[PDB]
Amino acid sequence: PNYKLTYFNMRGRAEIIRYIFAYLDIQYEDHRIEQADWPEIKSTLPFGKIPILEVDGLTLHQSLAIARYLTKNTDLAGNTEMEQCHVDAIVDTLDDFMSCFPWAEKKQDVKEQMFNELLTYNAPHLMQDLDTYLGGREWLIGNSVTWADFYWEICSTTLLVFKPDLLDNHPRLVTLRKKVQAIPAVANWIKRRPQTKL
């Protein structure tokens, strides 16, 4: 296929797609726009949002819908229909929390206050639920890595920028991050990708 991913120059909501392409060793065009390109770009998005992925001339949208598309019938999918449901559910639990953050808030004081409140009063309950769910298992779902593990690593990377102590009570969740980071194709992408805050 010919693949063209359009997003900002940020990890953000495109990074899960970028991990998948790295892991599966699939070539793609990583098209990164500047704010100044936005109005022109937006005018041809189906729902006014990025990322989009063009696949042989047809446009897909929604980062997690695209991630699911790319991982079907690969080793990154759940190994059974039930596990596939659990992959989807963990991803949506993570994504729900990430969606609470006011990423585009222009009032910096207002934005910071909310970030800090979410990270102090809400994040610990999620981190605890994730730790309890993971227990002593190697990966979140099944006996091998899935794209839910990738999404945990991407989301927690973002959150650690703003709350360095996020995982001080959850060494098992740190171990999982490090395991994802050590997968050779992922490690290589992490080393070479453009360095951005988010």
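Whichever C-alpha set is largest while still superposing within 1.5 Å between the two forms counts as the rigid core. Start at 1 with the first residue shown and count on from there.
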query	finding
Higher-deviation stretch (C-alpha RMS, rigid core fit) in 6 other deposited structures of this protein, choosing from 42 to 50 and 57 to 65	42 to 50
More variable segment, 109 to 117 or 94 to 102 [Cα RMS over structures in 6 other deposited structures of this protein, core-superposed]	109 to 117
171 to 179 set against 8 to 16, stretch whose average Cα temperature factor tops the other in the entry	171 to 179
Stretch exceeding the other in mean C-alpha B-factor - 80 to 88, 105 to 113	105 to 113
Residue with highest C-alpha B-factor in the PDB entry, from 29, 138, 54, 153	138
Of the residues 35, 157, 62, 146, the one carrying the largest Cα B-factor as recorded	35
For residue 100, the third of its chain into which the C-alpha B factor falls	highest
Record-listed C-alpha B factor of residue 68: chain third	lowest
